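Trainee: The structure is given below, and queries will be raised subsequently.
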Amino acid sequence: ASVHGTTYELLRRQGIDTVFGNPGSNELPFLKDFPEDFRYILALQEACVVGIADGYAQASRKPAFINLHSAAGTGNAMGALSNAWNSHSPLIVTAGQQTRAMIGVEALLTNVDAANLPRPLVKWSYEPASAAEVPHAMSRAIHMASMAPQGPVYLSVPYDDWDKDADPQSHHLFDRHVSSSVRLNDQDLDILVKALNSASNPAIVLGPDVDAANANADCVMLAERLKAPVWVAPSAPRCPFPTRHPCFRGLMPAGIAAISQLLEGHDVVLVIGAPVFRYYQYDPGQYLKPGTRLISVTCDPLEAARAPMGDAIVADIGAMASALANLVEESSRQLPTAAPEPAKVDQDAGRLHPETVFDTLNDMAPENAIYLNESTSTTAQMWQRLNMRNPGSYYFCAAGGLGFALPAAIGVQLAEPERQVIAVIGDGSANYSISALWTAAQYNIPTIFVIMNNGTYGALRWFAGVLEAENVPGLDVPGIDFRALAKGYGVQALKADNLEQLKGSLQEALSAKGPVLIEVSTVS
Amino acid sequence: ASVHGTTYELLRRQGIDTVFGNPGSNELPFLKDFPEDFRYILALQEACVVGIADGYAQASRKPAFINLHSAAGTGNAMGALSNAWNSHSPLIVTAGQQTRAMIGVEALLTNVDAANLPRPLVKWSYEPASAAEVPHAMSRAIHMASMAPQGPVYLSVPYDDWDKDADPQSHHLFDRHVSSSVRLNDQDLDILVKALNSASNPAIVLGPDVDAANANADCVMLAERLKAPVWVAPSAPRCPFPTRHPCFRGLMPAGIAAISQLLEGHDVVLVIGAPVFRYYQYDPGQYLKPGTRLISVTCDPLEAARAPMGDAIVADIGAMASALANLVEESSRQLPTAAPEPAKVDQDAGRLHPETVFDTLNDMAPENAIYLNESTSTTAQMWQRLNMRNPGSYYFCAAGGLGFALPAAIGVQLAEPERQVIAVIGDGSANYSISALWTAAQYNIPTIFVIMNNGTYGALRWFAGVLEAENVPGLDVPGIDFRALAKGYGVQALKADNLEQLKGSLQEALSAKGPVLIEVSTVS
Amino acid sequence: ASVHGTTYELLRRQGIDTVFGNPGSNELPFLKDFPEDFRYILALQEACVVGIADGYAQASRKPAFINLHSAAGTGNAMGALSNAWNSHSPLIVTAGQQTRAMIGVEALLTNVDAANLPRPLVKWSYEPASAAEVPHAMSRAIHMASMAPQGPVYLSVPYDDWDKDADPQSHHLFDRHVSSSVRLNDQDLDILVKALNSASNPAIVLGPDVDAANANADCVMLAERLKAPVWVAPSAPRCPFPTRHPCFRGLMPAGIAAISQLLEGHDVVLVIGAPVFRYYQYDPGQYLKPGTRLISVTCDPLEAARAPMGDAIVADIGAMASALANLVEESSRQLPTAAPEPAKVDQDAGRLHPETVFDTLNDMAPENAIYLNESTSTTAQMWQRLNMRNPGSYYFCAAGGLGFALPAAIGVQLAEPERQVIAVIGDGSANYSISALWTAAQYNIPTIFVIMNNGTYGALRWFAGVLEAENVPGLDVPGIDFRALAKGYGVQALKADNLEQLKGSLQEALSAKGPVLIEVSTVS
Ligand SMILES: Cc1ncc(C[n+]2csc(CCOP(=O)(O)OP(=O)(O)O)c2C)c(N)n1
Ligand SMILES: Cc1ncc(C[n+]2csc(CCOP(=O)(O)OP(=O)(O)O)c2C)c(N)n1
Ligand SMILES: Cc1ncc(C[n+]2csc(CCOP(=O)(O)OP(=O)(O)O)c2C)c(N)n1
Ligand SMILES: [Ca+2]
Ligand SMILES: [Ca+2]
Ligand SMILES: [Ca+2]
Ligand SMILES: [Mg+2]
Ligand SMILES: [Mg+2]
Ligand SMILES: [Mg+2]
Ligand SMILES: [Mg+2]
Ligand SMILES: [Mg+2]
Ligand SMILES: [Mg+2]
Ligand SMILES: [Mg+2]
């Protein structure tokens, strides 16, 4: 067998059947004789390729396979890799290298010092020393990406390798099963369980790795047993809890002082599947107030190491959540009372308040809808106004890198064909990966894109106005016609200048047979 | 003085007055109180920011200053940095880091292991150890980018540094003059000159560093004195010679065998300002045929080291070209005869042959026009059909990374307001950095964009059809309306489905007061 | 031909005939059939291997070739590479890698991520993608190390590569000549010369690159013409000037304030072949006092970039020194008056004052002796008491990394068989690379080692006593018998407990036919 044949067999035997890519000449020898059981999803720029694959992996809870062109293609994707790193997305990123005979002279398209290019945003990064090593290297990539803590990996392959003879002993790679589905030993788990049972006023904080593990339901059981309020860790990339469950308390403010104040009076705080903590704004104060002890369960040693406070346990979130939910006592305390519904913001017949948009989306969207957020100034309100009962219902750029939601929403919709995906994206954010729209059109992936148009980088005006920063350039983005951009890439386009039009536009979009973009005129 | 004040003073004292950027919160403390003598050029995505700055630097022959947002913004720009590396573009790339107090906990927007992110695509990459070091670090960045061989550099700055007190001793940085304007010592230069004088059938090969140094005219004198044919080194990022000069022989094929065959019978081949050589296609054979000796003058030690053949001299191209042109004897040999005009390709009343487009552009464009090329399957014909008499008249992605020409054409037009810029870009390539169009609209930079629409990644179909590669996915890009995309970003749009319409569309574009995009229907 | 045969031919054609090494199994396929025209110099530890090669390269003014074993051998040498980096030593460091077939599984002795190991202490670091690329890669290593600014480079080679067929086109590598022997263009050089001619009170500061270039004599002429005092830049790795020449003013203190005070009243300070400046102690103040302008000529862009003050010119030191010395006017000013001889320190019949040792060495050593210094607390006095008339007469660890002088003194003596090498090394420093002694014994390289034994890390007690640092552990090194260590490695050993014995011991050592170690009892 050839390296080509062996590698594709390894991929299919490991459950991979889709290649997200933007092709180049170094990659043609890999893509030729493309297996009929595989499917190729083209995107027009590499940030889009990786964004789509990322959404697909996060929603499918399995690795996604990517193929890019050498250094330039890899480089175009590096902003997208910074989100993937933060979201622990299992992405296998492959890139074509020049033929081995021309690497030395650094012919056009040589990826120089290739393995170093994507660092430090990958778990593993490699170029094999020979053609026959390629299948083995691919095996390593698959498993490195898939093991906890999951993350992106990078493999560079000289284009002449594919046609070379494979090592017959590579067959041992095909069916390898690698598990990191582990939890704390019985003795120490019993100690933890007793600490939770003994807490007088426990609180629970959940991060994105809960949703990634589909540990949501186990966490619901855990919170019900402990009669504990549940928060989502700050800068949340996913939603790990039903947002209308009686225990739910919403998204934590991303500040040190704010969080310690919030946790005051809680004697034991159990954090599951989150860094401790993904703060954003500088908000100096105490990490924890006297009387509060913190215990973190994380799948990532790097998270456990850098927590400024508390104990930590490094284990699989699915395994740990299930064990805890089934071991803890049912507290005799009263179940927390559900949070009241959000207030209705006054809305005239003109431009839309973001709050109005979210309320309307909540009213009209199916109960199993999936939302993506890249409307940076409206996150707090979004979290308060969308009832998300099911797992996998929310995604937000994990590293804060814009250009995620638009392509990721396409990958999510591909992963979940029966759940309507609705991406709420600011007019600023929409441009970063605008060309992703074409993929939705071409493959008829029926994502709905809601563009919140207020003509400015709103979150920046806020961050600025705060530090009283004056005379800051580059904050306004006037003069973009999103209906025209949608037409450019073959996506049906609608406009909503008021509530009447927003409702009508959503009705049409929800009925449509393909992707739809709605440009919403929002208040400045 | 503050670090902010000191740094801006250093920048202006070193000739920098423009910031190309896409802002983020880590950068607001740098951008606040933006100096009134500076101007900020916003682009909507970082590949575009860097592309624009790159075109500006290459055309202006001076460093360009860039400001990006942390890791995600830097990462979005890394494909653009791969071109900049290959073109020796003096780019000072700065990126905002989280406040020092929050770096440890890895708060949202922390650029982790920041200096390693852009490697290996930068000459120098650094984050200062303290606020007061920032001006010094900026000084280093300016000079590292500017010294031969020029290239991109990276500086990460924690956002809290800007408001801190500067070291008063930083004033010594302001007026530092650093020179690498050097040439071979007299003794060895005399030896080289004698070798050139003694050659019976010399040839000259010129690369992009000739145009960067504005050594074009000196090279013309050198070729006239030596009565030598002149080629452009393969995969040319710039044009280093008047394309209708009697000595000009055009663009060399990017193959080992092709080049040695081309140089056969030439006893001395002098290469100036090029790698030896930027081959592309695998084309095995002899590096040089018996009887041919090669001498390379390059500004880059890395180029000199990796040449598989010939002698090399590492020096400034401007200094070396001037010295050689003024020292060599006037050969009594006959001046080479100019190349004949290209053939006129048969053209019906339907879709345009690329050859027709280039002929028409040559007929109608001003004699001092500047062209950019990202129409990958038509490069050979473009080089044959455009009369480029002046320096700085051609740019092509130096690392072959698409997404360069569209934004770079905007930067070039900004650098050269009196020379009409015309970017010829394929329908595939146009998408990578499509959002750059907005910058042209917003700042009224009157670049003309000619989109060659054939609905496919044509160069890939060629590279494939060659290696008889069958069943390759992802090669077609149907369903893009470029007039709509232009409208989306506020750029006047025209369509040309035939020659009559192409002429009319060019007449209108050349008369227009702002940027114009022409979608040309080209043959499949 | 094989890769083995081709590589050795390349080495000999490029002037390499010696391999400094400590062998391992990955290297046996390279070392087998060792060419009879080559010679192998074994050392017992890798810090010693590299130290010896470093001294050899610095003294010979040509590249030295090193062969180490995989990661562990390379790693053992990394302290030595840190000195080599700072001294711009042209070292070609090769290391054996596992066979390509076993790299993937990471068999014992696999050098993982090999190219990254020696960073950031090398100019270039690489592992070839195939066997046939090895000769080309070696070519690159040779030239990267040899081009200005010179420095160490690293090449990792899988052991199975050597027996493979070489590319016949590799013959083009054999005779490549690469030059960086460049100087400032005529126009700007004339401007510099006029500035020097116009100076009312010029000063000259010289660094190690002067001695490396053998520009010493040209600098003498330059100083005589300008009638200028001459200093050696701080933390000097070499001696660039005759220390008894009337213009000589000695070693500059390694402090910011001290240097600006020293240069006060000098209107133009010309620095040649030094960083600006290699300060050590924190000594805050003005970089330069008002009235002083600085101009630096350096072979290293990294030096030019980081200078906190002055103008800079990046060029070859030999070419620049020669040009300046021959272009400047003869000033009518009076030649500086020679520095008075150092005072004679009172010396009783007991333990030796370091000053006594240096005075005695100066009295007894031949006029063409070469000294190495790793007696860290006595450097200032050494510089004042040794008359060094000739180039290549002094070496001191360029990065301050101990373990340099002992092995380097062996390499220097190998390079200069007719000049007596005398290494003055502290009792602390002597241990770092003690096993190097064996190489001197085995090859009968007649270096004299003078061990200054005061039983303590004297320089550290000083640096401590200064910052009033109390209760510092680990500063004393009692209980070492250096005569026994010398006997252990087969080197003749003598002891000097007083002046009478020091004179007798030196008389014997200077007459000896092989290496000699003298343990001198110095004052605590
Ligand atoms: C790749 C990248 N570039 C820049 C930024 C900085 N940034 C953060 S929020 C923001 C504004 C986004 O504006 P929009 O999408 O319109 O939403 P709004 O803030 O108006 O709600 C910017 C530019 C970023 N996070 N990522
Ligand atoms: C960032 C990047 N992605 C992918 C490629 C691979 N590539 C090279 S040419 C090409 C096709 C370009 O098509 P178009 O711009 O329409 O020009 P045509 O080839 O049709 O003339 C592609 C995808 C690249 N060079 N850079
Ligand atoms: C590899 C290395 N380790 C440690 C040091 C720190 N150091 C600098 S001077 C010194 C003392 C050297 O003592 P000795 O050689 O006896 O000379 P003395 O200071 O007594 O004159 C030490 C340990 C260093 N420079 N390099
Ligand atoms: Ca907005
Ligand atoms: Ca095309
Ligand atoms: Ca001592
Ligand atoms: Mg157990
Ligand atoms: Mg599915
Ligand atoms: Mg990197
Ligand atoms: Mg000269
Ligand atoms: Mg201009
Ligand atoms: Mg000159
Ligand atoms: Mg010698």
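Each chain in the structure tokens gets a letter, A, B, ..., in the order shown, and its residues are numbered from 1; ligands are numbered from 1 in order too.
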With DSSP run on the backbone, what are the strand (DSSP E or B) residues within region 151-336 of chain A? I'd like them as a ChimeraX atom specification.

Mentor: /A:153-158,165,203-206,230-232,238,248-251,268-272,293-298,311-314

Trainee: Throw together the list of residues within 6 Å of ligand 8, counting only C-alpha atoms and all ligand atoms, and drop it here as a ChimeraX atom specification.

Mentor: /A:60,415-416

Trainee: Could you pull the residues within 10 Å of region 196-199 of chain C, counting only C-alpha atoms, minus those fewer than 3 positions along the same chain, as a PyMOL selection string?

Mentor: chain C and resi 190-193+202-203+225-226+266-270+295+324+327-331

Trainee: Would you mind listing what lies within 9 Å of residue 53 (chain B) as JSON, numbers by chain, with only C-alpha atoms counted and same-chain residues fewer than 6 positions away left out?

Mentor: {"B": [19, 20, 21, 63, 64, 65, 66, 91, 407, 408, 410, 411, 412]}

Trainee: Just write the chosen residues, N, CA, C and O atoms, as a short mmCIF file (atom, residue, chain, number, x, y, z; two decimals), in the first residue's frame.

Mentor:
```cif
data_model
loop_
_atom_site.label_atom_id
_atom_site.label_comp_id
_atom_site.auth_asym_id
_atom_site.auth_seq_id
_atom_site.Cartn_x
_atom_site.Cartn_y
_atom_site.Cartn_z
N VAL B 19 0.02 54.63 11.35
CA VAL B 19 -0.21 53.37 12.04
C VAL B 19 -1.30 52.62 11.28
O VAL B 19 -2.42 53.13 11.11
N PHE B 20 -0.97 51.44 10.78
CA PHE B 20 -1.92 50.56 10.12
C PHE B 20 -2.40 49.61 11.20
O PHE B 20 -1.59 48.94 11.86
N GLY B 21 -3.71 49.53 11.43
CA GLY B 21 -4.17 48.77 12.57
C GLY B 21 -5.59 48.25 12.51
O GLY B 21 -6.40 48.66 11.67
N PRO B 63 10.19 51.75 6.44
CA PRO B 63 9.40 50.86 7.31
C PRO B 63 7.95 51.32 7.48
O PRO B 63 7.66 52.52 7.44
N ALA B 64 7.06 50.36 7.67
CA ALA B 64 5.66 50.64 7.97
C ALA B 64 5.35 50.10 9.36
O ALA B 64 5.85 49.05 9.76
N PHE B 65 4.53 50.84 10.10
CA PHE B 65 4.22 50.51 11.49
C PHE B 65 2.82 49.93 11.63
O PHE B 65 1.85 50.51 11.14
N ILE B 66 2.73 48.79 12.29
CA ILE B 66 1.48 48.06 12.42
C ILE B 66 1.12 47.85 13.88
O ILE B 66 1.99 47.62 14.72
N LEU B 91 8.62 45.70 8.18
CA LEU B 91 7.38 45.93 8.92
C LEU B 91 7.62 45.84 10.42
O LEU B 91 8.20 44.88 10.92
N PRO B 407 -5.19 43.91 -0.58
CA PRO B 407 -4.79 44.94 0.39
C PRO B 407 -3.49 45.66 0.03
O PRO B 407 -3.41 46.88 0.20
N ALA B 408 -2.50 44.94 -0.46
CA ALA B 408 -1.25 45.58 -0.80
C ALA B 408 -1.45 46.68 -1.85
O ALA B 408 -0.77 47.69 -1.83
N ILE B 410 -3.85 48.67 -2.11
CA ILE B 410 -4.32 49.84 -1.40
C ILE B 410 -3.14 50.56 -0.73
O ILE B 410 -3.05 51.78 -0.78
N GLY B 411 -2.25 49.80 -0.09
CA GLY B 411 -1.06 50.39 0.50
C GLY B 411 -0.14 51.03 -0.55
O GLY B 411 0.42 52.10 -0.33
N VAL B 412 0.04 50.34 -1.68
CA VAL B 412 0.84 50.90 -2.76
C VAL B 412 0.24 52.21 -3.27
O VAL B 412 0.95 53.18 -3.47
#
```

Trainee: Set the cut-off to 10 Å, count only C-alpha atoms and all ligand atoms, and list whatever residues fall near ligand 6 as a JSON list (two decimals) with N, CA, C and O atoms, in the first residue's frame.

Mentor:
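This is the output file out09.json:
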```json
[["chain", "number", "residue", "atom", "x", "y", "z"],
["C", 374, "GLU", "N", 40.26, 33.00, 33.54],
["C", 374, "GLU", "CA", 39.03, 32.63, 34.22],
["C", 374, "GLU", "C", 39.30, 32.67, 35.73],
["C", 374, "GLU", "O", 38.93, 31.78, 36.50],
["C", 375, "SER", "N", 39.97, 33.75, 36.12],
["C", 375, "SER", "CA", 40.24, 34.08, 37.52],
["C", 375, "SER", "C", 39.41, 35.33, 37.75],
["C", 375, "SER", "O", 39.90, 36.45, 37.58],
["C", 376, "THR", "N", 38.14, 35.11, 38.10],
["C", 376, "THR", "CA", 37.12, 36.14, 37.96],
["C", 376, "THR", "C", 37.30, 37.38, 38.83],
["C", 376, "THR", "O", 36.90, 38.48, 38.43],
["C", 377, "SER", "N", 37.91, 37.24, 40.00],
["C", 377, "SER", "CA", 38.07, 38.39, 40.89],
["C", 377, "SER", "C", 39.32, 39.21, 40.60],
["C", 377, "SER", "O", 39.54, 40.25, 41.22],
["C", 378, "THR", "N", 40.15, 38.76, 39.66],
["C", 378, "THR", "CA", 41.43, 39.41, 39.42],
["C", 378, "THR", "C", 41.59, 40.03, 38.02],
["C", 378, "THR", "O", 42.69, 40.45, 37.64],
["C", 425, "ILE", "N", 43.45, 30.47, 35.89],
["C", 425, "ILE", "CA", 42.11, 30.00, 36.23],
["C", 425, "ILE", "C", 41.92, 29.88, 37.74],
["C", 425, "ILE", "O", 42.76, 29.32, 38.43],
["C", 426, "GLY", "N", 40.80, 30.39, 38.24],
["C", 426, "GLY", "CA", 40.50, 30.30, 39.66],
["C", 426, "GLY", "C", 40.20, 28.88, 40.10],
["C", 426, "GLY", "O", 39.83, 28.04, 39.28],
["C", 427, "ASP", "N", 40.35, 28.60, 41.39],
["C", 427, "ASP", "CA", 40.08, 27.27, 41.90],
["C", 427, "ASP", "C", 38.61, 26.85, 41.70],
["C", 427, "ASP", "O", 38.33, 25.68, 41.49],
["C", 428, "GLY", "N", 37.70, 27.81, 41.76],
["C", 428, "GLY", "CA", 36.31, 27.53, 41.45],
["C", 428, "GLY", "C", 36.10, 27.18, 39.99],
["C", 428, "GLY", "O", 35.55, 26.13, 39.65],
["C", 429, "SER", "N", 36.56, 28.07, 39.11],
["C", 429, "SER", "CA", 36.38, 27.90, 37.68],
["C", 429, "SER", "C", 36.99, 26.62, 37.13],
["C", 429, "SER", "O", 36.50, 26.04, 36.16],
["C", 430, "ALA", "N", 38.09, 26.18, 37.74],
["C", 430, "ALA", "CA", 38.83, 25.05, 37.19],
["C", 430, "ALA", "C", 38.01, 23.76, 37.13],
["C", 430, "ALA", "O", 38.25, 22.90, 36.28],
["C", 451, "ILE", "N", 46.54, 27.61, 38.32],
["C", 451, "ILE", "CA", 45.36, 27.61, 39.17],
["C", 451, "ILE", "C", 45.52, 28.54, 40.37],
["C", 451, "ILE", "O", 46.34, 28.30, 41.25],
["C", 452, "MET", "N", 44.72, 29.61, 40.39],
["C", 452, "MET", "CA", 44.75, 30.55, 41.50],
["C", 452, "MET", "C", 43.87, 30.03, 42.63],
["C", 452, "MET", "O", 42.65, 30.16, 42.58],
["C", 453, "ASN", "N", 44.49, 29.43, 43.63],
["C", 453, "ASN", "CA", 43.73, 28.79, 44.71],
["C", 453, "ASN", "C", 43.59, 29.64, 45.97],
["C", 453, "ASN", "O", 44.53, 29.77, 46.75],
["C", 454, "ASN", "N", 42.41, 30.21, 46.16],
["C", 454, "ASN", "CA", 42.10, 30.95, 47.38],
["C", 454, "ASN", "C", 40.95, 30.33, 48.17],
["C", 454, "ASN", "O", 40.52, 30.88, 49.19],
["C", 455, "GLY", "N", 40.45, 29.20, 47.69],
["C", 455, "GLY", "CA", 39.46, 28.41, 48.40],
["C", 455, "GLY", "C", 38.02, 28.90, 48.38],
["C", 455, "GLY", "O", 37.17, 28.37, 49.08],
["C", 456, "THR", "N", 37.75, 29.92, 47.57],
["C", 456, "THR", "CA", 36.44, 30.54, 47.57],
["C", 456, "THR", "C", 36.08, 31.04, 46.17],
["C", 456, "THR", "O", 36.96, 31.20, 45.31],
["C", 457, "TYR", "N", 34.79, 31.24, 45.96],
["C", 457, "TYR", "CA", 34.29, 31.93, 44.77],
["C", 457, "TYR", "C", 34.43, 33.42, 45.04],
["C", 457, "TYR", "O", 33.45, 34.09, 45.40],
["C", 458, "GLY", "N", 35.64, 33.95, 44.88],
["C", 458, "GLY", "CA", 35.96, 35.31, 45.28],
["C", 458, "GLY", "C", 35.11, 36.41, 44.66],
["C", 458, "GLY", "O", 34.71, 37.34, 45.36],
["C", 459, "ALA", "N", 34.85, 36.32, 43.36],
["C", 459, "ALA", "CA", 34.04, 37.33, 42.68],
["C", 459, "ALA", "C", 32.63, 37.41, 43.26],
["C", 459, "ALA", "O", 32.02, 38.49, 43.29],
["C", 460, "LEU", "N", 32.10, 36.28, 43.71],
["C", 460, "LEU", "CA", 30.76, 36.26, 44.27],
["C", 460, "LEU", "C", 30.72, 36.90, 45.66],
["C", 460, "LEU", "O", 29.77, 37.60, 46.00],
["C", 461, "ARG", "N", 31.76, 36.68, 46.45],
["C", 461, "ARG", "CA", 31.87, 37.31, 47.76],
["C", 461, "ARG", "C", 31.90, 38.83, 47.62],
["C", 461, "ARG", "O", 31.36, 39.56, 48.45],
["C", 475, "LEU", "N", 29.42, 29.64, 48.78],
["C", 475, "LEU", "CA", 30.47, 30.51, 48.25],
["C", 475, "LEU", "C", 31.89, 29.97, 48.43],
["C", 475, "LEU", "O", 32.83, 30.52, 47.86],
["C", 476, "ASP", "N", 32.03, 28.91, 49.21],
["C", 476, "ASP", "CA", 33.35, 28.35, 49.50],
["C", 476, "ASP", "C", 33.58, 26.99, 48.85],
["C", 476, "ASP", "O", 32.69, 26.13, 48.85],
["C", 477, "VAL", "N", 34.78, 26.79, 48.31],
["C", 477, "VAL", "CA", 35.12, 25.54, 47.65],
["C", 477, "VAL", "C", 36.42, 24.94, 48.22],
["C", 477, "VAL", "O", 37.39, 24.72, 47.48],
["C", 478, "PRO", "N", 36.45, 24.67, 49.53],
["C", 478, "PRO", "CA", 37.65, 24.10, 50.15],
["C", 478, "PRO", "C", 37.86, 22.65, 49.74],
["C", 478, "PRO", "O", 36.94, 22.00, 49.26],
["C", 522, "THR", "N", 46.96, 31.42, 46.65],
["C", 522, "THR", "CA", 46.76, 32.87, 46.62],
["C", 522, "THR", "C", 46.04, 33.36, 47.87],
["C", 522, "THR", "O", 45.39, 32.58, 48.56],
["C", 523, "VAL", "N", 46.18, 34.65, 48.16],
["C", 523, "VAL", "CA", 45.58, 35.22, 49.36],
["C", 523, "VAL", "C", 44.06, 35.15, 49.33],
["C", 523, "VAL", "O", 43.44, 35.35, 48.28],
["C", 524, "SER", "N", 43.46, 34.86, 50.48],
["C", 524, "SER", "CA", 42.01, 34.75, 50.58],
["C", 524, "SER", "C", 41.36, 36.13, 50.58],
["C", 524, "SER", "O", 40.42, 36.39, 49.83]]
```

Trainee: Fewer than 6 positions away in the same chain doesn't count, so skip those; otherwise give me all residues within 7 Å of residue 176 (chain C), counting only C-alpha atoms, as a list in words.

Mentor: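 In the requested form, the answer reads residues 309, 310 and 311 of chain B.
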
Trainee: Name each residue within 12 Å of ligand 11, counting only C-alpha atoms and all ligand atoms, as a list in words.

Mentor: residues 17, 18, 55, 56, 57, 58, 59, 60, 61, 62, 64, 392, 411, 412, 413, 414, 415, 416, 417, 418 and 419 of chain B

Trainee: Quick one: which chain A residues come within 10 Å of chain C, and what is the nearest atom pair for each with the distance in Å to one decimal, counting only C-alpha atoms, rows ordered by chain and ascending number, as CSV?

Mentor:
```
residue,atom,partner,partner_atom,distance
A:99,CA,C:129,CA,9.4
A:100,CA,C:129,CA,5.9
A:101,CA,C:133,CA,7.3
A:102,CA,C:133,CA,8.9
A:103,CA,C:129,CA,7.3
A:104,CA,C:133,CA,6.6
A:105,CA,C:136,CA,8.5
A:113,CA,C:126,CA,8.3
A:115,CA,C:113,CA,8.7
A:116,CA,C:116,CA,8.8
A:125,CA,C:113,CA,9.4
A:126,CA,C:113,CA,8.3
A:127,CA,C:129,CA,9.0
A:128,CA,C:104,CA,7.5
A:129,CA,C:100,CA,5.9
A:130,CA,C:100,CA,6.6
A:131,CA,C:101,CA,9.8
A:132,CA,C:101,CA,8.0
A:133,CA,C:104,CA,6.6
A:134,CA,C:104,CA,9.1
A:136,CA,C:104,CA,7.1
A:137,CA,C:104,CA,7.0
A:140,CA,C:104,CA,9.2
A:158,CA,C:129,CA,8.9
A:167,CA,C:101,CA,9.9
```

Trainee: So how far away is CA of residue 40 (chain A) from CA of residue 13 (chain A), in Å?

Mentor: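 CA of residue 40 (chain A) lies at a distance of 17.5 Å from CA of residue 13 (chain A).
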
Trainee: Check which residues fall inside 9 Å of ligand 7 when counting only C-alpha atoms and all ligand atoms, and print them as a PyMOL selection string.

Mentor: chain A and resi 183-189

Trainee: Those same residues, written as a PDB file, in the first residue's frame with N, CA and C atoms?

Mentor:
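Saved file selection.pdb follows:
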```
ATOM      1  N   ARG A 183     -10.958   9.315  36.489  1.00  0.00           N
ATOM      2  CA  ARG A 183     -11.415  10.128  37.604  1.00  0.00           C
ATOM      3  C   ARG A 183     -10.624   9.838  38.879  1.00  0.00           C
ATOM      4  N   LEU A 184     -10.785  10.712  39.862  1.00  0.00           N
ATOM      5  CA  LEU A 184     -10.039  10.624  41.111  1.00  0.00           C
ATOM      6  C   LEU A 184     -10.222   9.255  41.758  1.00  0.00           C
ATOM      7  N   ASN A 185      -9.136   8.733  42.324  1.00  0.00           N
ATOM      8  CA  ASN A 185      -9.160   7.456  43.027  1.00  0.00           C
ATOM      9  C   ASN A 185     -10.236   7.448  44.113  1.00  0.00           C
ATOM     10  N   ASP A 186     -10.734   6.258  44.437  1.00  0.00           N
ATOM     11  CA  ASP A 186     -11.825   6.100  45.402  1.00  0.00           C
ATOM     12  C   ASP A 186     -11.596   6.813  46.740  1.00  0.00           C
ATOM     13  N   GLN A 187     -10.405   6.652  47.302  1.00  0.00           N
ATOM     14  CA  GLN A 187     -10.106   7.212  48.612  1.00  0.00           C
ATOM     15  C   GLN A 187     -10.246   8.731  48.628  1.00  0.00           C
ATOM     16  N   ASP A 188      -9.628   9.391  47.655  1.00  0.00           N
ATOM     17  CA  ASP A 188      -9.635  10.843  47.611  1.00  0.00           C
ATOM     18  C   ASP A 188     -10.971  11.387  47.113  1.00  0.00           C
ATOM     19  N   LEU A 189     -11.658  10.613  46.278  1.00  0.00           N
ATOM     20  CA  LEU A 189     -12.983  10.999  45.806  1.00  0.00           C
ATOM     21  C   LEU A 189     -13.962  10.989  46.979  1.00  0.00           C
TER      22      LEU A 189
END
```

Trainee: Which protein, DNA or RNA residues have an atom within 12 Å of ligand 9, counting only C-alpha atoms and all ligand atoms, as an MDAnalysis selection string?

Mentor: (chainID A and resid 71 74:75 77:79 81:82 112:122 125 154) or (chainID B and resid 71 74:75 77:79 81:82 112:122 125 154)

Trainee: Write down as number ranges by chain the residues belonging to region 142-368 of chain C that are assigned helix (DSSP H, G or I) by DSSP computed on the backbone.

Mentor: C: 142-146, 159-161, 168-173, 186-198, 208-212, 216-226, 256-263, 301-306, 317-327, 354-364

Trainee: Write out as a count of residues only each polymer residue whose atoms come within 10 Å of region 32-38 of chain C, counting only C-alpha atoms; drop sequence neighbours fewer than 2 positions from it.

Mentor: 17
